[PDB]
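Novice: Below: one structure in structure tokens.
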Amino acid sequence: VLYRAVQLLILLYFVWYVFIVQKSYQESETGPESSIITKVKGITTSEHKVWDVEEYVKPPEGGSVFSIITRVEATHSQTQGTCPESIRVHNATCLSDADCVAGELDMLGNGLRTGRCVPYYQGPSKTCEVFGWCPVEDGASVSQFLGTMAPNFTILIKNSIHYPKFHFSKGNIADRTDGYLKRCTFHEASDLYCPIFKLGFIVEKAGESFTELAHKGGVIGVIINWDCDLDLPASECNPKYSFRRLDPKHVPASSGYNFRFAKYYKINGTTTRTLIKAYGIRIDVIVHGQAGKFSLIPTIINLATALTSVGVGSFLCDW
Amino acid sequence: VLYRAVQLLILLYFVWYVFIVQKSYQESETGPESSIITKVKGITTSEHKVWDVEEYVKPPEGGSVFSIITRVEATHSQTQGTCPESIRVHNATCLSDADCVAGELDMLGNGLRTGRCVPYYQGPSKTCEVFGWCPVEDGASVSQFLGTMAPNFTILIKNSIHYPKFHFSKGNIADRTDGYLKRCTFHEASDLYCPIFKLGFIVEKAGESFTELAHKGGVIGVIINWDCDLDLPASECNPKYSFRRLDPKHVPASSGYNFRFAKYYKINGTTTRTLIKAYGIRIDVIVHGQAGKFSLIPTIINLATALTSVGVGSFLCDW
Amino acid sequence: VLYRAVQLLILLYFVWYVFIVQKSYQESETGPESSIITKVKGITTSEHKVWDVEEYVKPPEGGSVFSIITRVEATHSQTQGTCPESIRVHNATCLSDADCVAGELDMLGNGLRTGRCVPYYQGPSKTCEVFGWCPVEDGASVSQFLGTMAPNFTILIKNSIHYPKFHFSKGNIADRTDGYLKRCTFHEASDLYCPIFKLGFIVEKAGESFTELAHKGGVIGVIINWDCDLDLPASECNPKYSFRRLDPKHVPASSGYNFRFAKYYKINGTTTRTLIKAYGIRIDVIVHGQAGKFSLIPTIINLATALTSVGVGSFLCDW
Ligand SMILES: Nc1ncnc2c1ncn2[C@@H]1O[C@H](COP(=O)(O)OP(=O)(O)OP(=O)(O)O)[C@@H](O)[C@H]1O
Ligand SMILES: Nc1ncnc2c1ncn2[C@@H]1O[C@H](COP(=O)(O)OP(=O)(O)OP(=O)(O)O)[C@@H](O)[C@H]1O
Ligand SMILES: Nc1ncnc2c1ncn2[C@@H]1O[C@H](COP(=O)(O)OP(=O)(O)OP(=O)(O)O)[C@@H](O)[C@H]1O
Ligand SMILES: *[C@@H]1O[C@H](CO)[C@@H](O)[C@H](O)[C@H]1NC(C)=O
Ligand SMILES: *[C@@H]1O[C@H](CO)[C@@H](O)[C@H](O)[C@H]1NC(C)=O
Ligand SMILES: *[C@@H]1O[C@H](CO)[C@@H](O)[C@H](O)[C@H]1NC(C)=O
Ligand SMILES: *[C@@H]1O[C@H](CO)[C@@H](O)[C@H](O)[C@H]1NC(C)=O
Ligand SMILES: *[C@@H]1O[C@H](CO)[C@@H](O)[C@H](O)[C@H]1NC(C)=O
Ligand SMILES: *[C@@H]1O[C@H](CO)[C@@H](O)[C@H](O)[C@H]1NC(C)=O
């Protein structure tokens with residue numbers, strides 16, 4: 001009697017919870033192979049200047065990680081030569097030539113001290129003279145904002161995962177002969193397979209301000225989750241998109257994202273460059289995937305564990 | 001009697017299957033630390049032009065992901081200025097100046113509309129005038145094929161994995177004083193430790209056409225699997241190379257791989273650029289590794305589980 | 001009696017080892033989401049030349065993988081044209097025009113053979129003439145060492161991990177209003193949250209020589225481990241930094257790390273370039289993370305397994 005009832009209870013528990021909920025009856029491959037091919041579109045304008053994708057999207061190869069430049073501090077006509085050192089560099093400020101010694105090379109400085117003391121770019125102060133790429137950015141840079149139309153920029157993310165154990169492959173764009181991808185807007189439900197995202201949409205879904213992230217910069221992750229149950233039709237294994245900032249926002253020291261790159265020229269045989277400090281939004285496309293398909297081995301093993309505890313549950317009910 | 005036979009059967013099952021097949025007696029580290037150092041070699045020629053690795057391999061730092069450019073659509077002598085808008089842009093075509101309004105900036109366009117209507121690059125049509133990088137690519141581009149000798153290109157992939165738990169490190173190139181790496185060709189068996197692959201070989205092993213992948217572009221994965229059994233000599237833990245396309249081929253919208261980059265110049269003090277749209281093959285080197293080494297803890301734990309079910313198997317044989 | 005003692009022993013074993021040591025009572029997420037924002041600082045000087053971060057740090061976007069150039073072999077004034085082929089290329093050396101045939105394009109060569117035989121850059125030898133980027137590097141390159149002050153370079157690594165299951169996020173820089181990050185030096189204990197590392201410090205902690213790694217090049221991994229116990233205060237989940245070389249050092253063929261990039265100019269309307277072969281140290285920032293937080297489900301399941309073997313341990317003590 002109670003032995004039979006205990007049998008029924010222990011069985012029901014095992015069957016239902018373990019198999020139907022923990023999916024103990026399926027072999028699982030956590031971590032697929034993914035390809036991410038990103039393409040940004042959108043043009044923005046500064047003072048008498050039109051910026052295109054080639055200028056703000058760095059790197060340009062169209063991969064999982066890329067930065068959209070929203071603000072630049074550019075120093076033009078830089079050449080090897082002597083110029084006053086940045087006033088922000090330690091021991092820069094000087095009152096006479098005796099206050100600067102020749103040959104010091106601060107790692108945080110902008111060149112090799114010449115031993116002299118020259119007037120600063122903006123008087124009346126004076127700073128130690130250095131040899132290097134001149135003029136220095138902190139005395140000759142001009143700032144441009146090119147993120148006025150960045151929220152209207154778009155980012156097509158092409159993702160294709162693979163499960164080698166299960167030989168399953170699925171992408172995030174459907175095979176449609178119509179011009180869907182040319183006239184579609186991503187939606188979690190209606191347009192899940194239109195992976196074209198507005199930058200403003202991504203920023204909002206991450207709960208951030210576009211003014212703050214366009215001024216200081218930062219990193220937003222585009223997370224794609226493929227939680228696939230391969231015992232069901234492939235129409236069931238769809239992408240899940242999540243947008244969240246990956247860099248700190250409450251920490252003033254670690255908040256922001258900027259980098260420096262230069263464009264090199266040759267004017268009258270002399271190598272000149274334009275140094276650009278770029279504050280922008282780094283977009284990181286993170287792809288997570290877990291797939292499970294029914295296999296007889298896990299089934300038999302976990303059924304054996306189920307019968308095993310059924311037994312002990314019965315013998316303790318006696319004991 | 002039958003209790004003894006049941007004991008023998010249950011034991012044999014546990015010992016053989018669990019330990020000898022599931023490797024329950026080994027602690028396993030899934031996912032090593034890998035370094036991938038790729039170097040492409042090969043020169044290809046266009047009309048009165050020889051292309052080298054620096055031109056087609058982008059990025060050039062020699063990492064796990066890189067693109068080999070097989071076809072380019074290059075627009076030369078681009079400068080900020082006014083030019084007819086691409087006829088492919090919406091609302092571009094115009095019949096009089098009244099049909100174009102000043103100040104509109106389409107994100108999918110190529111600049112800021114001037115309010116005028118000018119003759120197109122190829123008559124007799126007319127398109128709205130825009131300010132931006134001019135002339136636009138869709139009216140001044142010239143196409144070059146530089147993949148004629150890409151199948152003969154070679155890709156040296158240097159891989160070195162590490163298992164921190166097991167303090168095991170192995171690379172895919174052997175310590176040989178002879179000039180093996182200068183005269184060797186990869187083979188799955190005879191030359192497994194000559195990781196120099198022809199691009200045509202990679203493309204064929206992926207089951208793709210080099211004409212199709214040289215015209216549209218795409219992504220091929222070079223997957224290296226290190227399934228190491230560290231209870232055996234290190235000579236046993238070798239790489240396994242797999243080649244397969246990672247981007248869709250049956251989906252016209254998501255099929256292909258292209259990117260745009262530019263070369264910037266300064267002619268008479270004016271910043272001019274050459275815009276290049278590059279169709280190429282992206283090579284992705286994916287490294288998978290699983291290692292196991294015998295440990296006493298898993299051994300004792302799984303032996304305890306083995307004896308545990310031996311028991312229940314015996315008590316149910318009674319019951 | 002002995003049944004009671006056996007009960008006590010089996011229980012103590014299960015409780016202590018399994019829960020208190022194996023953490024069977026916690027759900028665990030292996031592998032977080034991490035953002036790495038690297039910024040190198042430091043200037044180095046060659047013969048009448050000051051190198052800055054923009055010149056040696058490639059790529060410059062500030063990511064997990066980047067290379068610091070310590071030595072360059074630069075070939076200047078390269079243009080499409082005819083020049084002697086490198087003597088190191090097979091079948092290059094020639095004694096008369098009949099020894100070179102027109103049209104051959106060696107993949108390991110530097111251009112298309114013209115059919116002629118011209119004097120080499122350094123006599124008295126002669127080599128087959130080729131068309132391509134000329135002059136070739138092996139006959140016109142000049143070597144510069146720019147790693148004299150690389151050990152004094154610094155690398156700020158900003159890391160922020162996330163556990164989506166546990167909704168936990170922590171970074172490696174603390175929220176301090178003082179100028180700590182401007183005056184701090186990393187220390188495993190006192191300054192764990194000052195993620196600014198000297199390159200020499202990284203190289204030493206990897207057990208390498210800076211002379212050897214500055215001459216040949218190589219790859220050093222900066223591994224950050226976040227082993228977090230989320231049942232404890234967040235002040236307990238701190239980073240663990242490990243430095244180790246990822247590329248082989250005992251294998252002459254696979255030892256080193258170099259890449260080629262070029263700077264393109266236009267002199268008198270002709271596209272000229274400077275080809276640079278860069279030997280440098282590739283810094284790879286690898287982030288590992290494992291987190292566990294107490295959950296009732298694993299607790300009940302593993303407690304059931306504990307009682308299960310307690311039983312069998314008891315029935316075998318009888319049997
Ligand atoms: N960032 C984007 N926003 C909106 N639409 C895009 C974006 N990137 C690409 N597309 C469109 O979606 C399709 C996929 O782009 P893809 O690069 O594969 O083809 P394409 O037509 O060669 O690209 P392009 O638009 O540069 O010519 C193309 O039709 C393209 O116009
Ligand atoms: N893509 C490739 N195909 C064939 N052989 C290669 C390739 N890349 C490198 N090698 C050869 O294999 C060895 C490894 O190249 P590595 O870059 O480590 O040394 P290297 O001699 O300095 O390279 P390089 O050939 O540019 O001088 C070198 O001898 C090089 O000639
Ligand atoms: N490699 C480095 N070595 C030492 N200090 C650094 C390094 N990189 C950045 N810092 C300092 O630590 C802080 C973090 O740098 P971050 O780029 O976030 O801000 P920043 O002040 O805009 O950088 P920058 O120093 O280029 O102006 C800044 O105060 C910066 O001066
Ligand atoms: C440079 O800085 C140090 C430390 O503050 C200071 O002692 C020294 O006097 C400074 N240099 C000169 C020439 O004043
Ligand atoms: C995109 O542009 C429209 C105007 O065409 C504007 O209303 C909208 O706010 C823009 N998107 C932003 C800024 O999020
Ligand atoms: C621009 O496109 C819209 C939508 O097709 C159309 O209504 C409008 O008339 C077009 N512009 C002009 C000036 O025709
Ligand atoms: C490589 O070149 C040879 C001729 O030297 C040619 O026969 C072969 O087909 C090429 N490889 C390709 C195109 O796969
Ligand atoms: C080119 O190399 C091959 C192989 O060594 C050799 O047989 C041939 O004679 C060489 N070319 C000439 C013209 O000598
Ligand atoms: C950094 O510079 C100091 C001198 O200012 C020198 O003593 C030290 O050795 C350098 N770091 C190196 C080379 O590791």
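Residues are named by chain letter and number: chains run A, B, ... in the order of the structure tokens, numbers start at 1 in each chain, and ligands are numbered from 1 in the order shown.
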Ligand 7: which residues are within 12 Å, counting only C-alpha atoms and all ligand atoms, as a list in words?
Specialist: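 Written in the requested form, the residues are residues 42, 44, 147, 148, 149, 150, 151, 152, 153, 154, 197, 198, 199, 200, 201, 202, 203, 204, 205, 209, 210, 211 and 214 of chain B; 103, 104, 105, 106 and 107 of chain C.
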Novice: Might you pull out every residue within 12 Å of residue B:272, with only C-alpha atoms counted and same-chain residues fewer than 3 positions away left off, and present them as a PDB file with N, CA, C and O atoms, in the first residue's frame?
Specialist:
ATOM      1  N   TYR A 265      50.591  62.491 -43.644  1.00  0.00           N
ATOM      2  CA  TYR A 265      50.753  63.105 -44.948  1.00  0.00           C
ATOM      3  C   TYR A 265      52.224  63.404 -45.174  1.00  0.00           C
ATOM      4  O   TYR A 265      53.072  63.141 -44.318  1.00  0.00           O
TER       5      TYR A 265
ATOM      6  N   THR B  75      36.892  54.354 -55.713  1.00  0.00           N
ATOM      7  CA  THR B  75      36.562  55.685 -56.204  1.00  0.00           C
ATOM      8  C   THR B  75      37.702  56.618 -55.826  1.00  0.00           C
ATOM      9  O   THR B  75      38.011  56.773 -54.639  1.00  0.00           O
ATOM     10  N   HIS B  76      38.318  57.236 -56.825  1.00  0.00           N
ATOM     11  CA  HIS B  76      39.510  58.044 -56.627  1.00  0.00           C
ATOM     12  C   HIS B  76      39.182  59.531 -56.668  1.00  0.00           C
ATOM     13  O   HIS B  76      38.176  59.960 -57.236  1.00  0.00           O
ATOM     14  N   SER B  77      40.061  60.319 -56.046  1.00  0.00           N
ATOM     15  CA  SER B  77      39.971  61.777 -56.074  1.00  0.00           C
ATOM     16  C   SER B  77      38.680  62.270 -55.424  1.00  0.00           C
ATOM     17  O   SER B  77      37.992  63.145 -55.953  1.00  0.00           O
ATOM     18  N   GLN B  78      38.350  61.704 -54.267  1.00  0.00           N
ATOM     19  CA  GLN B  78      37.186  62.147 -53.513  1.00  0.00           C
ATOM     20  C   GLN B  78      37.551  63.328 -52.624  1.00  0.00           C
ATOM     21  O   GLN B  78      38.543  63.282 -51.889  1.00  0.00           O
ATOM     22  N   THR B  79      36.745  64.385 -52.691  1.00  0.00           N
ATOM     23  CA  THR B  79      36.937  65.567 -51.865  1.00  0.00           C
ATOM     24  C   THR B  79      35.578  66.116 -51.456  1.00  0.00           C
ATOM     25  O   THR B  79      34.576  65.908 -52.144  1.00  0.00           O
ATOM     26  N   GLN B  80      35.557  66.817 -50.327  1.00  0.00           N
ATOM     27  CA  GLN B  80      34.345  67.505 -49.900  1.00  0.00           C
ATOM     28  C   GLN B  80      33.919  68.500 -50.968  1.00  0.00           C
ATOM     29  O   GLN B  80      34.698  69.370 -51.366  1.00  0.00           O
ATOM     30  N   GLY B  81      32.683  68.373 -51.430  1.00  0.00           N
ATOM     31  CA  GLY B  81      32.192  69.245 -52.475  1.00  0.00           C
ATOM     32  C   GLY B  81      30.808  68.820 -52.914  1.00  0.00           C
ATOM     33  O   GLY B  81      30.209  67.891 -52.364  1.00  0.00           O
ATOM     34  N   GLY B 132      29.277  66.627 -50.013  1.00  0.00           N
ATOM     35  CA  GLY B 132      29.912  65.545 -49.286  1.00  0.00           C
ATOM     36  C   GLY B 132      31.146  65.067 -50.019  1.00  0.00           C
ATOM     37  O   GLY B 132      31.694  65.774 -50.864  1.00  0.00           O
ATOM     38  N   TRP B 133      31.574  63.855 -49.675  1.00  0.00           N
ATOM     39  CA  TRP B 133      32.688  63.218 -50.367  1.00  0.00           C
ATOM     40  C   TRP B 133      32.268  62.920 -51.800  1.00  0.00           C
ATOM     41  O   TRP B 133      31.410  62.062 -52.038  1.00  0.00           O
ATOM     42  N   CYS B 134      32.867  63.621 -52.754  1.00  0.00           N
ATOM     43  CA  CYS B 134      32.451  63.554 -54.144  1.00  0.00           C
ATOM     44  C   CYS B 134      33.648  63.299 -55.045  1.00  0.00           C
ATOM     45  O   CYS B 134      34.752  63.774 -54.762  1.00  0.00           O
ATOM     46  N   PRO B 135      33.457  62.574 -56.160  1.00  0.00           N
ATOM     47  CA  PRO B 135      32.184  62.008 -56.626  1.00  0.00           C
ATOM     48  C   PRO B 135      31.756  60.763 -55.853  1.00  0.00           C
ATOM     49  O   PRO B 135      32.585  60.105 -55.228  1.00  0.00           O
ATOM     50  N   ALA B 262      39.318  53.706 -46.873  1.00  0.00           N
ATOM     51  CA  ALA B 262      39.795  54.789 -47.714  1.00  0.00           C
ATOM     52  C   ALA B 262      41.261  55.078 -47.437  1.00  0.00           C
ATOM     53  O   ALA B 262      41.770  54.821 -46.345  1.00  0.00           O
ATOM     54  N   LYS B 263      41.930  55.611 -48.449  1.00  0.00           N
ATOM     55  CA  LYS B 263      43.291  56.108 -48.341  1.00  0.00           C
ATOM     56  C   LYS B 263      43.248  57.618 -48.520  1.00  0.00           C
ATOM     57  O   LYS B 263      42.755  58.107 -49.538  1.00  0.00           O
ATOM     58  N   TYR B 264      43.775  58.349 -47.545  1.00  0.00           N
ATOM     59  CA  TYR B 264      43.662  59.799 -47.505  1.00  0.00           C
ATOM     60  C   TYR B 264      44.967  60.451 -47.933  1.00  0.00           C
ATOM     61  O   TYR B 264      46.046  60.049 -47.494  1.00  0.00           O
ATOM     62  N   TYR B 265      44.851  61.459 -48.787  1.00  0.00           N
ATOM     63  CA  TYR B 265      45.984  62.206 -49.301  1.00  0.00           C
ATOM     64  C   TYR B 265      45.729  63.689 -49.102  1.00  0.00           C
ATOM     65  O   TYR B 265      44.686  64.099 -48.585  1.00  0.00           O
ATOM     66  N   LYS B 266      46.699  64.495 -49.511  1.00  0.00           N
ATOM     67  CA  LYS B 266      46.592  65.943 -49.462  1.00  0.00           C
ATOM     68  C   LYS B 266      47.260  66.513 -50.700  1.00  0.00           C
ATOM     69  O   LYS B 266      48.492  66.556 -50.782  1.00  0.00           O
ATOM     70  N   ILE B 267      46.448  66.946 -51.657  1.00  0.00           N
ATOM     71  CA  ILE B 267      46.916  67.460 -52.935  1.00  0.00           C
ATOM     72  C   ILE B 267      46.623  68.952 -52.975  1.00  0.00           C
ATOM     73  O   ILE B 267      45.457  69.358 -52.991  1.00  0.00           O
ATOM     74  N   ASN B 268      47.678  69.764 -52.999  1.00  0.00           N
ATOM     75  CA  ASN B 268      47.546  71.219 -52.998  1.00  0.00           C
ATOM     76  C   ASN B 268      46.846  71.710 -51.734  1.00  0.00           C
ATOM     77  O   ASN B 268      46.094  72.687 -51.755  1.00  0.00           O
ATOM     78  N   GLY B 269      47.093  71.027 -50.620  1.00  0.00           N
ATOM     79  CA  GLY B 269      46.531  71.412 -49.346  1.00  0.00           C
ATOM     80  C   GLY B 269      45.109  70.964 -49.102  1.00  0.00           C
ATOM     81  O   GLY B 269      44.560  71.266 -48.035  1.00  0.00           O
ATOM     82  N   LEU B 275      38.320  56.038 -51.949  1.00  0.00           N
ATOM     83  CA  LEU B 275      37.419  55.122 -51.269  1.00  0.00           C
ATOM     84  C   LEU B 275      37.429  53.771 -51.970  1.00  0.00           C
ATOM     85  O   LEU B 275      37.299  53.697 -53.193  1.00  0.00           O
TER      86      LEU B 275
ATOM     87  N   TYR C 265      51.482  57.505 -49.522  1.00  0.00           N
ATOM     88  CA  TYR C 265      51.556  58.915 -49.853  1.00  0.00           C
ATOM     89  C   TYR C 265      51.307  59.088 -51.340  1.00  0.00           C
ATOM     90  O   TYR C 265      51.096  58.118 -52.073  1.00  0.00           O
ATOM     91  N   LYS C 266      51.326  60.338 -51.780  1.00  0.00           N
ATOM     92  CA  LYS C 266      51.179  60.679 -53.185  1.00  0.00           C
ATOM     93  C   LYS C 266      52.097  61.848 -53.491  1.00  0.00           C
ATOM     94  O   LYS C 266      51.797  62.990 -53.130  1.00  0.00           O
ATOM     95  N   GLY C 269      51.654  63.085 -57.814  1.00  0.00           N
ATOM     96  CA  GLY C 269      50.580  62.298 -58.376  1.00  0.00           C
ATOM     97  C   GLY C 269      50.822  60.807 -58.419  1.00  0.00           C
ATOM     98  O   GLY C 269      49.948  60.072 -58.896  1.00  0.00           O
TER      99      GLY C 269
END
Novice: Find, counting only C-alpha atoms, the residue in C:94, C:11, C:100, C:312 that gets nearest to chain A.
Specialist: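 That would be C:312, the residue with the smallest distance to chain A.
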Novice: Dump the neighbourhood of ligand 1 as a ChimeraX atom specification: all residues within 10 Å, distances computed on only C-alpha atoms and all ligand atoms.
Specialist: /A:37-42,53,62,153-158,173,179-185,194-199 /B:107-108,138,216-217,252-260,277,279
Novice: List as a PDB file with C-alpha atoms, in the first residue's frame the protein and nucleic acid residues near stretch 22-32 of chain C, meaning an atom at most 7 Å away when only C-alpha atoms are counted, but skip any in the same chain fewer than 4 places from it.
Specialist:
ATOM      1  CA  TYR C  17      33.227  17.437   1.731  1.00  0.00           C
ATOM      2  CA  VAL C  18      30.367  17.852  -0.714  1.00  0.00           C
ATOM      3  CA  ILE C 161      32.710  41.737 -15.859  1.00  0.00           C
ATOM      4  CA  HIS C 162      29.041  40.811 -15.604  1.00  0.00           C
ATOM      5  CA  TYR C 163      27.161  37.696 -14.487  1.00  0.00           C
ATOM      6  CA  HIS C 288      38.400  34.316 -16.897  1.00  0.00           C
ATOM      7  CA  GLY C 289      35.519  34.352 -14.461  1.00  0.00           C
ATOM      8  CA  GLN C 290      33.632  31.862 -12.319  1.00  0.00           C
ATOM      9  CA  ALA C 291      30.863  32.881  -9.935  1.00  0.00           C
ATOM     10  CA  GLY C 292      28.626  30.931  -7.610  1.00  0.00           C
ATOM     11  CA  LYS C 293      25.608  31.913  -5.541  1.00  0.00           C
ATOM     12  CA  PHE C 294      23.548  29.766  -3.187  1.00  0.00           C
ATOM     13  CA  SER C 295      20.403  28.253  -4.719  1.00  0.00           C
ATOM     14  CA  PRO C 298      21.120  22.297  -6.197  1.00  0.00           C
ATOM     15  CA  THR C 299      20.929  22.155  -2.410  1.00  0.00           C
ATOM     16  CA  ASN C 302      22.627  17.133  -3.803  1.00  0.00           C
TER      17      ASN C 302
END
Novice: 8 Å from ligand 8 is the threshold here; counting only C-alpha atoms and all ligand atoms, which polymer residues fall inside it? Answer as a list in words.
Specialist: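 My answer, listing the contacting residues, is residues 90, 91, 98, 99, 100 and 101 of chain C.
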Novice: Would you mind telling me which residue in B:174, B:89, B:297, B:232 lies nearest to ligand 2 when using only C-alpha atoms and all ligand atoms?
Specialist: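 Looking only at the distances to ligand 2, the closest residue turns out to be B:174.
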Novice: Atom CA of residue B:223 and atom CA of residue B:239, how far apart in Å?
Specialist: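 Taking atom CA of residue B:239 and atom CA of residue B:223, their separation equals 9.6 Å.
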Novice: Could you pull out the strand (DSSP E or B) residues of stretch 232-314 of chain C from DSSP and send them as a VMD selection string?
Specialist: chain C and resid 240 to 245 258 to 267 270 to 294
Novice: Emit the selected residues as a compact mmCIF listing (two decimals), in the first residue's frame, including C-alpha atoms.
Specialist:
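Resulting contents of part_15.txt:
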# COMPACT_ATOMS: atom_id res chain seq x y z
CA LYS C 240 43.61 38.05 -9.96
CA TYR C 241 46.30 39.04 -12.46
CA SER C 242 48.59 36.51 -14.13
CA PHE C 243 51.31 37.25 -16.69
CA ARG C 244 52.74 34.56 -18.95
CA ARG C 245 54.07 34.26 -22.48
CA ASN C 258 56.16 40.44 -36.48
CA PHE C 259 53.85 42.08 -39.04
CA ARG C 260 54.10 44.41 -42.03
CA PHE C 261 52.13 47.61 -42.55
CA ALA C 262 52.61 50.55 -44.88
CA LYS C 263 52.03 54.29 -44.98
CA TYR C 264 50.78 55.51 -48.35
CA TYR C 265 51.56 58.91 -49.85
CA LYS C 266 51.18 60.68 -53.19
CA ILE C 267 54.23 62.54 -54.47
CA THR C 270 52.30 58.92 -57.95
CA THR C 271 51.23 56.62 -55.13
CA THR C 272 54.31 56.02 -52.98
CA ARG C 273 54.44 54.08 -49.72
CA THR C 274 56.68 53.36 -46.76
CA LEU C 275 56.68 49.65 -45.92
CA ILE C 276 57.37 48.85 -42.27
CA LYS C 277 58.12 45.41 -40.87
CA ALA C 278 57.38 45.66 -37.15
CA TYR C 279 58.78 43.37 -34.48
CA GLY C 280 56.88 43.98 -31.28
CA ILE C 281 55.26 42.57 -28.18
CA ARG C 282 51.63 41.58 -28.56
CA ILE C 283 49.70 42.06 -25.32
CA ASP C 284 46.66 39.79 -24.99
CA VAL C 285 44.26 40.48 -22.12
CA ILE C 286 42.47 37.24 -21.24
CA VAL C 287 39.63 37.42 -18.71
CA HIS C 288 38.40 34.32 -16.90
CA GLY C 289 35.52 34.35 -14.46
CA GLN C 290 33.63 31.86 -12.32
CA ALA C 291 30.86 32.88 -9.93
CA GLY C 292 28.63 30.93 -7.61
CA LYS C 293 25.61 31.91 -5.54
CA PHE C 294 23.55 29.77 -3.19
Novice: Just to confirm, what's the straight-line distance from atom CA of residue B:141 to atom CA of residue A:45 in Å (one decimal)?
Specialist: 23.6 Å
Novice: C:207, C:111, C:124, C:63: which is nearest chain A, counting only C-alpha atoms?
Specialist: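 Of C:207, C:111, C:124, C:63, the one nearest chain A, counting only C-alpha atoms, is C:63.
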Novice: Report as a PDB file with N, CA and C atoms, in the first residue's frame the set of chain A residues whose atoms approach chain B to within 6 Å, with distances computed over only C-alpha atoms.
Specialist:
ATOM      1  N   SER A  35      29.553  33.674 -36.472  1.00  0.00           N
ATOM      2  CA  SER A  35      30.149  34.713 -37.297  1.00  0.00           C
ATOM      3  C   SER A  35      29.308  35.972 -37.186  1.00  0.00           C
ATOM      4  N   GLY A  42      24.961  55.714 -42.206  1.00  0.00           N
ATOM      5  CA  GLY A  42      24.616  57.002 -41.648  1.00  0.00           C
ATOM      6  C   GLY A  42      25.713  58.026 -41.844  1.00  0.00           C
ATOM      7  N   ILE A  43      25.326  59.247 -42.197  1.00  0.00           N
ATOM      8  CA  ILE A  43      26.256  60.349 -42.392  1.00  0.00           C
ATOM      9  C   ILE A  43      25.879  61.468 -41.434  1.00  0.00           C
ATOM     10  N   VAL A  50      30.953  66.951 -43.905  1.00  0.00           N
ATOM     11  CA  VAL A  50      30.080  65.784 -43.880  1.00  0.00           C
ATOM     12  C   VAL A  50      30.938  64.569 -43.562  1.00  0.00           C
ATOM     13  N   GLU A  54      33.244  55.619 -43.181  1.00  0.00           N
ATOM     14  CA  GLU A  54      34.675  55.345 -43.187  1.00  0.00           C
ATOM     15  C   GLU A  54      35.409  56.192 -42.158  1.00  0.00           C
ATOM     16  N   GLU A  61      36.620  46.854 -40.764  1.00  0.00           N
ATOM     17  CA  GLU A  61      36.493  45.535 -41.370  1.00  0.00           C
ATOM     18  C   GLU A  61      35.135  44.888 -41.131  1.00  0.00           C
ATOM     19  N   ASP A 175      15.413  33.922 -45.527  1.00  0.00           N
ATOM     20  CA  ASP A 175      15.538  33.819 -46.981  1.00  0.00           C
ATOM     21  C   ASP A 175      14.254  34.343 -47.609  1.00  0.00           C
ATOM     22  N   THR A 308      17.592   4.519  -8.888  1.00  0.00           N
ATOM     23  CA  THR A 308      18.502   4.388  -7.723  1.00  0.00           C
ATOM     24  C   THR A 308      17.886   5.116  -6.531  1.00  0.00           C
TER      25      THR A 308
END
Novice: Using DSSP assignments from the backbone, pull out every residue in stretch 5-172 of chain A that falls under alpha helix (DSSP H) and give it to me as a ChimeraX atom specification.
Specialist: /A:5-13,22,53-56,137-140
Novice: Nearest to ligand 4 among A:2, A:92, A:15, A:21, with distances taken over only C-alpha atoms and all ligand atoms: which residue is it?
Specialist: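 Distance minimum relative to ligand 4 lands on A:92.
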Novice: Could you state the separation of atom CA of residue A:1 and atom CA of residue B:6 in Å, given to one decimal place?
Specialist: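 Spanning atom CA of residue A:1 to atom CA of residue B:6 is a straight-line distance of 28.1 Å.
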